[PDB]
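J.: My structure is stored as final.json, with JSON, C-alpha atoms and all ligand atoms.
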[["chain", "number", "residue", "atom", "x", "y", "z"],
["A", 1, "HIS", "CA", -12.06, 4.99, -16.04],
["A", 2, "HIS", "CA", -9.05, 4.63, -18.31],
["A", 3, "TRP", "CA", -6.42, 5.68, -15.82],
["A", 4, "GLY", "CA", -3.23, 3.67, -15.52],
["A", 5, "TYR", "CA", 0.54, 4.04, -15.36],
["A", 6, "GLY", "CA", 1.42, 4.59, -19.05],
["A", 7, "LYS", "CA", 2.53, 7.76, -20.86],
["A", 8, "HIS", "CA", -0.99, 8.44, -22.02],
["A", 9, "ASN", "CA", -2.98, 7.65, -18.89],
["A", 10, "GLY", "CA", -0.46, 7.83, -16.04],
["A", 11, "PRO", "CA", -0.08, 9.99, -12.95],
["A", 12, "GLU", "CA", 0.47, 13.24, -14.90],
["A", 13, "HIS", "CA", -3.00, 12.82, -16.48],
["A", 14, "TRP", "CA", -4.99, 11.80, -13.42],
["A", 15, "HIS", "CA", -5.90, 15.34, -12.40],
["A", 16, "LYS", "CA", -8.22, 15.75, -15.40],
["A", 17, "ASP", "CA", -10.69, 13.15, -14.11],
["A", 18, "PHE", "CA", -9.65, 13.44, -10.46],
["A", 19, "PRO", "CA", -8.87, 17.10, -9.68],
["A", 20, "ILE", "CA", -8.01, 16.21, -6.05],
["A", 21, "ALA", "CA", -4.78, 14.86, -7.60],
["A", 22, "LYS", "CA", -3.51, 18.46, -7.05],
["A", 23, "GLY", "CA", -4.92, 18.67, -3.52],
["A", 24, "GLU", "CA", -3.46, 19.58, -0.17],
["A", 25, "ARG", "CA", -2.84, 16.12, 1.29],
["A", 26, "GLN", "CA", -1.84, 13.84, -1.58],
["A", 27, "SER", "CA", 0.26, 10.70, -1.27],
["A", 28, "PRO", "CA", 2.86, 9.38, -1.59],
["A", 29, "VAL", "CA", 5.52, 11.82, -0.35],
["A", 30, "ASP", "CA", 9.23, 11.88, 0.16],
["A", 31, "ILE", "CA", 10.10, 11.23, 3.80],
["A", 32, "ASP", "CA", 12.94, 13.56, 4.67],
["A", 33, "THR", "CA", 14.38, 11.73, 7.68],
["A", 34, "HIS", "CA", 16.24, 14.78, 8.97],
["A", 35, "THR", "CA", 13.07, 16.95, 8.99],
["A", 36, "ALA", "CA", 10.68, 14.33, 10.45],
["A", 37, "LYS", "CA", 10.28, 14.95, 14.11],
["A", 38, "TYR", "CA", 10.10, 12.43, 16.94],
["A", 39, "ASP", "CA", 6.68, 12.76, 18.58],
["A", 40, "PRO", "CA", 6.34, 11.68, 22.24],
["A", 41, "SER", "CA", 2.55, 11.93, 21.89],
["A", 42, "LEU", "CA", 2.43, 8.82, 19.68],
["A", 43, "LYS", "CA", 1.01, 5.82, 21.54],
["A", 44, "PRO", "CA", 2.45, 2.33, 20.94],
["A", 45, "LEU", "CA", 1.43, 0.74, 17.53],
["A", 46, "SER", "CA", -0.63, -2.44, 17.83],
["A", 47, "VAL", "CA", -0.80, -4.85, 14.88],
["A", 48, "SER", "CA", -3.21, -7.62, 15.83],
["A", 49, "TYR", "CA", -3.34, -10.10, 12.96],
["A", 50, "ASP", "CA", -3.65, -13.42, 14.85],
["A", 51, "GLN", "CA", -7.23, -13.99, 13.64],
["A", 52, "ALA", "CA", -6.80, -12.62, 10.12],
["A", 53, "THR", "CA", -8.90, -14.49, 7.58],
["A", 54, "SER", "CA", -7.72, -14.11, 3.99],
["A", 55, "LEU", "CA", -10.21, -15.04, 1.30],
["A", 56, "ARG", "CA", -9.07, -14.29, -2.21],
["A", 57, "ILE", "CA", -6.42, -12.77, -4.43],
["A", 58, "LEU", "CA", -7.48, -10.59, -7.40],
["A", 59, "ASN", "CA", -5.60, -8.97, -10.31],
["A", 60, "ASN", "CA", -7.52, -5.70, -10.68],
["A", 61, "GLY", "CA", -5.52, -4.39, -13.67],
["A", 62, "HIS", "CA", -3.46, -2.01, -11.46],
["A", 63, "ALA", "CA", -1.98, -4.38, -8.85],
["A", 64, "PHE", "CA", -3.06, -7.56, -7.12],
["A", 65, "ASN", "CA", -5.03, -7.46, -3.89],
["A", 66, "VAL", "CA", -5.16, -10.11, -1.17],
["A", 67, "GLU", "CA", -8.55, -9.61, 0.39],
["A", 68, "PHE", "CA", -9.66, -10.36, 3.94],
["A", 69, "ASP", "CA", -12.90, -11.06, 5.73],
["A", 70, "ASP", "CA", -13.57, -7.71, 7.44],
["A", 71, "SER", "CA", -17.09, -8.59, 8.67],
["A", 72, "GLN", "CA", -15.79, -8.62, 12.29],
["A", 73, "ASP", "CA", -12.69, -7.39, 14.24],
["A", 74, "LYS", "CA", -10.39, -10.21, 13.19],
["A", 75, "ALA", "CA", -7.28, -8.37, 12.03],
["A", 76, "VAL", "CA", -6.92, -4.86, 13.34],
["A", 77, "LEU", "CA", -4.52, -1.98, 13.60],
["A", 78, "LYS", "CA", -4.65, 0.31, 16.61],
["A", 79, "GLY", "CA", -2.44, 2.70, 18.52],
["A", 80, "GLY", "CA", 0.30, 4.89, 17.11],
["A", 81, "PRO", "CA", -1.36, 8.01, 15.71],
["A", 82, "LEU", "CA", -4.74, 6.28, 15.46],
["A", 83, "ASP", "CA", -7.86, 6.87, 17.48],
["A", 84, "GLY", "CA", -10.00, 3.71, 17.64],
["A", 85, "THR", "CA", -9.87, 0.50, 15.66],
["A", 86, "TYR", "CA", -9.03, -0.04, 12.03],
["A", 87, "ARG", "CA", -9.87, -3.33, 10.30],
["A", 88, "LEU", "CA", -7.68, -4.97, 7.69],
["A", 89, "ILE", "CA", -9.49, -5.26, 4.34],
["A", 90, "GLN", "CA", -6.77, -5.94, 1.78],
["A", 91, "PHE", "CA", -3.10, -5.69, 1.01],
["A", 92, "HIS", "CA", -1.30, -5.06, -2.26],
["A", 93, "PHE", "CA", 2.04, -3.93, -3.57],
["A", 94, "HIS", "CA", 3.52, -1.39, -5.95],
["A", 95, "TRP", "CA", 6.74, -2.32, -7.78],
["A", 96, "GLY", "CA", 9.16, -1.41, -10.50],
["A", 97, "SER", "CA", 10.57, -2.70, -13.74],
["A", 98, "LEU", "CA", 14.06, -2.50, -12.14],
["A", 99, "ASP", "CA", 15.24, -3.10, -8.58],
["A", 100, "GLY", "CA", 16.04, 0.63, -8.16],
["A", 101, "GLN", "CA", 12.45, 1.82, -8.43],
["A", 102, "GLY", "CA", 8.99, 0.71, -7.47],
["A", 103, "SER", "CA", 8.16, 2.27, -4.10],
["A", 104, "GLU", "CA", 5.66, 5.08, -3.81],
["A", 105, "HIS", "CA", 7.06, 6.66, -0.67],
["A", 106, "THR", "CA", 10.74, 7.54, -0.80],
["A", 107, "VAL", "CA", 13.18, 7.99, 2.07],
["A", 108, "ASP", "CA", 15.60, 10.88, 1.55],
["A", 109, "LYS", "CA", 14.70, 10.45, -2.14],
["A", 110, "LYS", "CA", 15.66, 6.76, -2.08],
["A", 111, "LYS", "CA", 13.32, 4.49, -4.02],
["A", 112, "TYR", "CA", 12.89, 0.90, -2.92],
["A", 113, "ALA", "CA", 12.16, -2.06, -5.24],
["A", 114, "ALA", "CA", 8.56, -2.27, -4.06],
["A", 115, "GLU", "CA", 6.17, -1.17, -1.33],
["A", 116, "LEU", "CA", 3.51, -3.19, 0.50],
["A", 117, "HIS", "CA", 0.29, -1.47, 1.53],
["A", 118, "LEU", "CA", -1.85, -3.09, 4.24],
["A", 119, "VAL", "CA", -5.15, -1.25, 4.06],
["A", 120, "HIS", "CA", -7.39, -0.79, 7.08],
["A", 121, "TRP", "CA", -10.66, 1.11, 7.63],
["A", 122, "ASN", "CA", -11.95, 2.87, 10.74],
["A", 123, "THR", "CA", -14.72, 0.77, 12.23],
["A", 124, "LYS", "CA", -16.53, 3.88, 13.51],
["A", 125, "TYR", "CA", -17.72, 4.42, 9.92],
["A", 126, "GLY", "CA", -19.28, 0.97, 9.54],
["A", 127, "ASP", "CA", -18.05, 0.06, 6.02],
["A", 128, "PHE", "CA", -15.12, 0.81, 3.74],
["A", 129, "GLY", "CA", -17.17, 2.88, 1.29],
["A", 130, "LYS", "CA", -18.26, 5.24, 4.04],
["A", 131, "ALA", "CA", -14.78, 5.31, 5.59],
["A", 132, "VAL", "CA", -13.15, 6.60, 2.37],
["A", 133, "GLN", "CA", -15.37, 9.68, 2.56],
["A", 134, "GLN", "CA", -13.83, 10.67, 5.92],
["A", 135, "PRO", "CA", -10.50, 12.41, 6.65],
["A", 136, "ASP", "CA", -9.65, 9.69, 9.22],
["A", 137, "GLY", "CA", -11.34, 6.82, 7.39],
["A", 138, "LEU", "CA", -8.33, 4.69, 6.44],
["A", 139, "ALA", "CA", -4.99, 3.68, 7.90],
["A", 140, "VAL", "CA", -2.47, 2.25, 5.46],
["A", 141, "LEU", "CA", 0.59, 0.50, 6.84],
["A", 142, "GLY", "CA", 3.35, 0.86, 4.26],
["A", 143, "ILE", "CA", 6.38, -1.44, 4.22],
["A", 144, "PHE", "CA", 9.34, -1.08, 1.89],
["A", 145, "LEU", "CA", 10.78, -4.05, 0.00],
["A", 146, "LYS", "CA", 14.46, -4.31, -0.88],
["A", 147, "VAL", "CA", 16.04, -7.06, -2.94],
["A", 148, "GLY", "CA", 18.27, -9.41, -1.03],
["A", 149, "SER", "CA", 17.31, -12.53, 0.92],
["A", 150, "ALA", "CA", 13.94, -14.18, 0.21],
["A", 151, "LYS", "CA", 10.98, -13.42, 2.43],
["A", 152, "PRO", "CA", 9.59, -16.85, 3.32],
["A", 153, "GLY", "CA", 6.20, -15.47, 4.24],
["A", 154, "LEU", "CA", 5.78, -13.90, 0.78],
["A", 155, "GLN", "CA", 6.33, -17.16, -1.15],
["A", 156, "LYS", "CA", 2.68, -18.32, -0.94],
["A", 157, "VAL", "CA", 1.71, -15.04, -2.61],
["A", 158, "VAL", "CA", 4.38, -15.38, -5.33],
["A", 159, "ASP", "CA", 3.34, -18.94, -6.12],
["A", 160, "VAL", "CA", -0.34, -18.09, -6.82],
["A", 161, "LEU", "CA", 0.48, -15.25, -9.23],
["A", 162, "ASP", "CA", 0.56, -17.63, -12.22],
["A", 163, "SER", "CA", -3.17, -18.21, -11.67],
["A", 164, "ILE", "CA", -4.06, -14.47, -11.77],
["A", 165, "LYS", "CA", -1.92, -13.29, -14.64],
["A", 166, "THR", "CA", -4.42, -10.95, -16.21],
["A", 167, "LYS", "CA", -6.89, -8.29, -15.19],
["A", 168, "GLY", "CA", -10.08, -9.64, -13.67],
["A", 169, "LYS", "CA", -8.70, -13.02, -12.65],
["A", 170, "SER", "CA", -9.01, -14.11, -9.02],
["A", 171, "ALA", "CA", -8.17, -17.21, -7.01],
["A", 172, "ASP", "CA", -8.96, -18.64, -3.61],
["A", 173, "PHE", "CA", -6.41, -17.44, -1.10],
["A", 174, "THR", "CA", -7.39, -18.70, 2.31],
["A", 175, "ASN", "CA", -5.28, -19.17, 5.44],
["A", 176, "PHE", "CA", -2.59, -16.66, 4.49],
["A", 177, "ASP", "CA", -0.91, -15.07, 7.52],
["A", 178, "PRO", "CA", 0.04, -11.41, 6.89],
["A", 179, "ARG", "CA", 2.26, -11.45, 9.99],
["A", 180, "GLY", "CA", 4.86, -13.13, 7.77],
["A", 181, "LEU", "CA", 5.22, -9.90, 5.73],
["A", 182, "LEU", "CA", 6.26, -7.66, 8.65],
["A", 183, "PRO", "CA", 9.84, -6.60, 9.58],
["A", 184, "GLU", "CA", 11.14, -7.05, 13.12],
["A", 185, "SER", "CA", 10.72, -3.38, 14.17],
["A", 186, "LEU", "CA", 7.47, -1.41, 14.16],
["A", 187, "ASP", "CA", 9.30, 1.97, 14.21],
["A", 188, "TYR", "CA", 7.45, 4.26, 11.79],
["A", 189, "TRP", "CA", 6.80, 7.62, 10.23],
["A", 190, "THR", "CA", 3.25, 8.95, 9.97],
["A", 191, "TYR", "CA", 1.46, 11.77, 8.14],
["A", 192, "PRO", "CA", -2.01, 12.54, 6.75],
["A", 193, "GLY", "CA", -2.47, 11.72, 3.07],
["A", 194, "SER", "CA", -4.50, 10.11, 0.39],
["A", 195, "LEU", "CA", -5.11, 7.01, -1.68],
["A", 196, "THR", "CA", -2.24, 6.78, -4.16],
["A", 197, "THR", "CA", -4.54, 5.67, -7.00],
["A", 198, "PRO", "CA", -7.72, 7.22, -8.39],
["A", 199, "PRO", "CA", -9.99, 8.33, -6.81],
["A", 200, "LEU", "CA", -7.09, 9.79, -4.76],
["A", 201, "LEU", "CA", -9.37, 10.47, -1.78],
["A", 202, "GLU", "CA", -7.84, 12.33, 1.14],
["A", 203, "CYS", "CA", -8.85, 9.77, 3.75],
["A", 204, "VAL", "CA", -5.64, 8.07, 4.83],
["A", 205, "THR", "CA", -3.48, 8.16, 7.89],
["A", 206, "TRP", "CA", -0.20, 6.78, 6.51],
["A", 207, "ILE", "CA", 2.04, 4.74, 8.78],
["A", 208, "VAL", "CA", 5.27, 3.88, 6.97],
["A", 209, "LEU", "CA", 7.64, 1.47, 8.68],
["A", 210, "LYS", "CA", 11.29, 2.44, 8.81],
["A", 211, "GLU", "CA", 12.66, -1.09, 8.50],
["A", 212, "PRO", "CA", 12.30, -2.61, 5.00],
["A", 213, "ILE", "CA", 11.69, -6.28, 4.42],
["A", 214, "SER", "CA", 14.03, -8.22, 2.16],
["A", 215, "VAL", "CA", 12.65, -10.22, -0.75],
["A", 216, "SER", "CA", 14.60, -12.15, -3.34],
["A", 217, "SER", "CA", 15.21, -11.10, -6.92],
["A", 218, "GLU", "CA", 13.24, -14.22, -7.92],
["A", 219, "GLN", "CA", 10.26, -13.13, -5.82],
["A", 220, "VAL", "CA", 10.08, -9.65, -7.34],
["A", 221, "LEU", "CA", 10.69, -11.07, -10.85],
["A", 222, "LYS", "CA", 7.44, -12.99, -10.45],
["A", 223, "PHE", "CA", 5.52, -9.79, -9.66],
["A", 224, "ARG", "CA", 6.82, -8.37, -12.94],
["A", 225, "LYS", "CA", 5.33, -11.28, -14.93],
["A", 226, "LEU", "CA", 1.80, -10.17, -14.11],
["A", 227, "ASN", "CA", -0.18, -8.30, -16.76],
["A", 228, "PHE", "CA", -2.13, -5.06, -16.67],
["A", 229, "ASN", "CA", -4.23, -6.32, -19.61],
["A", 230, "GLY", "CA", -7.12, -8.79, -19.63],
["A", 231, "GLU", "CA", -6.87, -12.28, -21.14],
["A", 232, "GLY", "CA", -7.00, -12.19, -24.90],
["A", 233, "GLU", "CA", -5.64, -8.63, -25.08],
["A", 234, "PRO", "CA", -2.11, -7.51, -26.04],
["A", 235, "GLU", "CA", 0.33, -8.22, -23.23],
["A", 236, "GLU", "CA", 1.41, -5.25, -21.11],
["A", 237, "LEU", "CA", 3.60, -6.28, -18.19],
["A", 238, "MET", "CA", 2.41, -5.04, -14.78],
["A", 239, "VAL", "CA", 5.50, -3.04, -13.78],
["A", 240, "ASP", "CA", 6.03, 0.50, -12.54],
["A", 241, "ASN", "CA", 2.60, 0.69, -10.98],
["A", 242, "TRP", "CA", 3.69, 3.44, -8.57],
["A", 243, "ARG", "CA", 2.73, 7.10, -8.24],
["A", 244, "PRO", "CA", 5.71, 9.43, -7.70],
["A", 245, "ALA", "CA", 6.14, 11.60, -4.61],
["A", 246, "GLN", "CA", 3.70, 14.52, -4.33],
["A", 247, "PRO", "CA", 4.12, 17.94, -2.72],
["A", 248, "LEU", "CA", 4.18, 17.84, 1.06],
["A", 249, "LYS", "CA", 2.41, 21.21, 1.32],
["A", 250, "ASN", "CA", 1.28, 22.05, 4.81],
["A", 251, "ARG", "CA", 2.19, 18.76, 6.45],
["A", 252, "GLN", "CA", 4.59, 17.46, 9.03],
["A", 253, "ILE", "CA", 5.86, 13.92, 9.09],
["A", 254, "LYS", "CA", 6.22, 12.54, 12.58],
["A", 255, "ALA", "CA", 8.55, 9.77, 13.75],
["A", 256, "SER", "CA", 7.75, 7.18, 16.40],
["A", 257, "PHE", "CA", 11.44, 6.82, 17.22],
["A", 258, "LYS", "CA", 14.46, 8.83, 18.23],
["B", 301, "LIG", "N1", -2.43, 2.52, -2.74],
["B", 301, "LIG", "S1", -3.32, 2.84, -1.50],
["B", 301, "LIG", "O1", -2.96, 1.99, -0.38],
["B", 301, "LIG", "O2", -3.35, 4.25, -1.26],
["B", 301, "LIG", "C1", -4.96, 2.42, -1.87],
["B", 301, "LIG", "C2", -5.58, 2.73, -3.05],
["B", 301, "LIG", "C3", -6.92, 2.34, -3.32],
["B", 301, "LIG", "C4", -7.58, 1.60, -2.35],
["B", 301, "LIG", "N2", -8.92, 1.20, -2.65],
["B", 301, "LIG", "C5", -9.55, 0.06, -2.03],
["B", 301, "LIG", "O3", -9.10, -0.71, -1.21],
["B", 301, "LIG", "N3", -10.85, -0.07, -2.57],
["B", 301, "LIG", "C6", -11.83, -0.97, -2.11],
["B", 301, "LIG", "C7", -11.67, -1.85, -1.07],
["B", 301, "LIG", "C8", -12.73, -2.62, -0.67],
["B", 301, "LIG", "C9", -13.99, -2.50, -1.22],
["B", 301, "LIG", "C10", -15.22, -3.35, -0.72],
["B", 301, "LIG", "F1", -15.17, -4.62, -1.10],
["B", 301, "LIG", "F2", -15.40, -3.38, 0.58],
["B", 301, "LIG", "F3", -16.26, -2.77, -1.35],
["B", 301, "LIG", "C11", -14.15, -1.55, -2.24],
["B", 301, "LIG", "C12", -13.07, -0.80, -2.65],
["B", 301, "LIG", "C13", -6.98, 1.28, -1.20],
["B", 301, "LIG", "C14", -5.72, 1.65, -0.97],
["B", 302, "ZN", "ZN", -1.12, 1.08, -2.59]]
What's the structure tokens form of this structure?
Ligand SMILES: NS(=O)(=O)c1ccc(NC(=O)Nc2ccc(C(F)(F)F)cc2)cc1
Ligand SMILES: [Zn+2]
T.:
Amino acid sequence: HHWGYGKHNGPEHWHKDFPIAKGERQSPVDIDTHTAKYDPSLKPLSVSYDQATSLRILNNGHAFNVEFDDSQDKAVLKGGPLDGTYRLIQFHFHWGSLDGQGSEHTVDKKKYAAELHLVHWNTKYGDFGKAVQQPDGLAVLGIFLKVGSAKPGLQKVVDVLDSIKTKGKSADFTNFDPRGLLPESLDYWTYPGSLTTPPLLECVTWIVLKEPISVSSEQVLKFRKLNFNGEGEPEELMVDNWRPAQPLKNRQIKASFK
């Protein structure tokens, strides 16, 4: 209820209301590239976003979510480590106050400027709320952002942020094509984990792409102008909305590539 990313309500406090914060399959994690093992058993990853139907963008006080119509199999993720069909429901990002931090996952302890999460639920469970109660309910495709060249397919997102500055604001966001946020390669790492925000449910198969996308400094600067607060409340810039790496415990990270 009053969780956030500050000193007084941040990740080190979450366990009091959400004891699974100290569980056995929490996310994010550091991806040690030397220890991850290539797995021949992985099937090809299939990202099928041609019929994706975006609807709205919402500042929820923690990030902003671009939401999709998930009432039919329009935009789906299949293959890789996944059994069956996972429907896209929303994407969001986590980012930093500085270009050297912001990602949730790390790669050999490297932090990226931001991380995109494309969230999908397993259609065998009928709805998102049921899926999050299952160990294989969700698949989140995570994509790192580094600062360099602009990402043209992100600009429509950046340009609507002025209209959702504060918590609880939303705006129409139709006809956005999430294909424009992907890198060229679908090479990935995968492991079983959790939501990275309360309620921290252990329901996610994480698929983290190896290739980052590049976004411009100007693009990420606009993310940092958002607010965690509601309208008419003291301004708190929406920055550093990332959970740090958690203990790997009894898990193995698998690579799709040699
Ligand atoms: N950072 S992360 O990728 O691990 C992650 C964290 C929290 C969530 N939660 C939701 O998407 N919640 C949600 C979606 C959708 C609905 C619906 F509208 F269907 F009720 C109700 C709740 C997802 C992902
Ligand atoms: Zn996330």
J.: Distance limit 8 Å, reference ligand LIG 301 (chain B), atoms considered: only C-alpha atoms and all ligand atoms. Which residues make the cut? Give them as a list in words.
T.: residues 27, 89, 90, 91, 92, 93, 94, 117, 118, 119, 127, 128, 129, 140, 142, 194, 195, 196, 197, 198, 199, 200 and 204 of chain A
J.: Give me, please, the distance in Å between atom CA of residue A:246 and atom CA of residue A:141, quoted to one decimal.
T.: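 So the two atoms, atom CA of residue A:246 and atom CA of residue A:141, lie 18.2 Å apart.
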J.: Applying 12 Å and all atoms listed in the file, which residues near residue A:213 remain after dropping the ones on its own chain fewer than 4 positions away? List them as a PyMOL selection string.
T.: chain A and resi 112-116+142-154+180-186+209
J.: Rank nothing, just name the residue among A:202, A:177, A:76, A:48 nearest to residue A:132, using only C-alpha atoms.
T.: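 Of A:202, A:177, A:76, A:48, the one nearest residue A:132 is A:202, counting only C-alpha atoms.
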J.: With distances taken over all atoms listed in the file, which residue among A:102, A:80, A:192, A:10 lies nearest ligand ZN 302 (chain B)?
T.: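 For ligand ZN 302 (chain B), the nearest of the given residues is A:102.
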J.: Smallest atom-to-atom distance to ligand ZN 302 (chain B): which of A:229, A:51, A:106, A:241, using all atoms listed in the file?
T.: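 Of all the options, A:241 lies closest to ligand ZN 302 (chain B).
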J.: Give the answer as one residue: which of A:134, A:9, A:174, A:65 has the shortest atom-to-atom distance to ligand ZN 302 (chain B), using only C-alpha atoms and all ligand atoms?
T.: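 Answer, going by the shortest atom-to-atom distance: A:65.
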J.: Just stretch 186-197 of chain A, please, as an mmCIF file, in the first residue's frame (only N, CA and C atoms).
T.:
data_model
loop_
_atom_site.group_PDB
_atom_site.id
_atom_site.type_symbol
_atom_site.label_atom_id
_atom_site.label_comp_id
_atom_site.auth_asym_id
_atom_site.auth_seq_id
_atom_site.Cartn_x
_atom_site.Cartn_y
_atom_site.Cartn_z
ATOM 1 N N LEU A 186 17.138 -11.841 -31.328
ATOM 2 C CA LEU A 186 16.311 -12.385 -30.257
ATOM 3 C C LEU A 186 17.116 -13.328 -29.342
ATOM 4 N N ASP A 187 18.451 -13.332 -29.416
ATOM 5 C CA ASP A 187 19.225 -14.132 -28.481
ATOM 6 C C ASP A 187 18.863 -13.716 -27.056
ATOM 7 N N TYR A 188 18.776 -14.698 -26.138
ATOM 8 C CA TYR A 188 18.299 -14.368 -24.798
ATOM 9 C C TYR A 188 18.874 -15.297 -23.718
ATOM 10 N N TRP A 189 18.694 -14.805 -22.491
ATOM 11 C CA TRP A 189 18.877 -15.606 -21.293
ATOM 12 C C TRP A 189 17.507 -15.841 -20.674
ATOM 13 N N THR A 190 17.320 -16.959 -19.998
ATOM 14 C CA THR A 190 16.036 -17.206 -19.330
ATOM 15 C C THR A 190 16.240 -17.875 -17.976
ATOM 16 N N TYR A 191 15.346 -17.561 -17.029
ATOM 17 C CA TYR A 191 15.360 -18.182 -15.719
ATOM 18 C C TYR A 191 13.999 -17.958 -15.078
ATOM 19 N N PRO A 192 13.641 -18.789 -14.074
ATOM 20 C CA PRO A 192 12.376 -18.596 -13.366
ATOM 21 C C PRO A 192 12.508 -17.542 -12.268
ATOM 22 N N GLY A 193 11.560 -16.614 -12.205
ATOM 23 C CA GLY A 193 11.608 -15.549 -11.233
ATOM 24 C C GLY A 193 10.245 -15.040 -10.841
ATOM 25 N N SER A 194 10.228 -13.746 -10.595
ATOM 26 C CA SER A 194 9.104 -13.108 -9.934
ATOM 27 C C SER A 194 8.777 -11.769 -10.602
ATOM 28 N N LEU A 195 7.629 -11.210 -10.212
ATOM 29 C CA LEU A 195 7.397 -9.779 -10.415
ATOM 30 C C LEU A 195 8.487 -9.018 -9.649
ATOM 31 N N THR A 196 8.955 -7.915 -10.213
ATOM 32 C CA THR A 196 9.961 -7.113 -9.552
ATOM 33 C C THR A 196 9.396 -6.002 -8.693
ATOM 34 N N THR A 197 8.057 -5.887 -8.624
ATOM 35 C CA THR A 197 7.375 -4.960 -7.735
ATOM 36 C C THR A 197 6.425 -5.765 -6.878
#
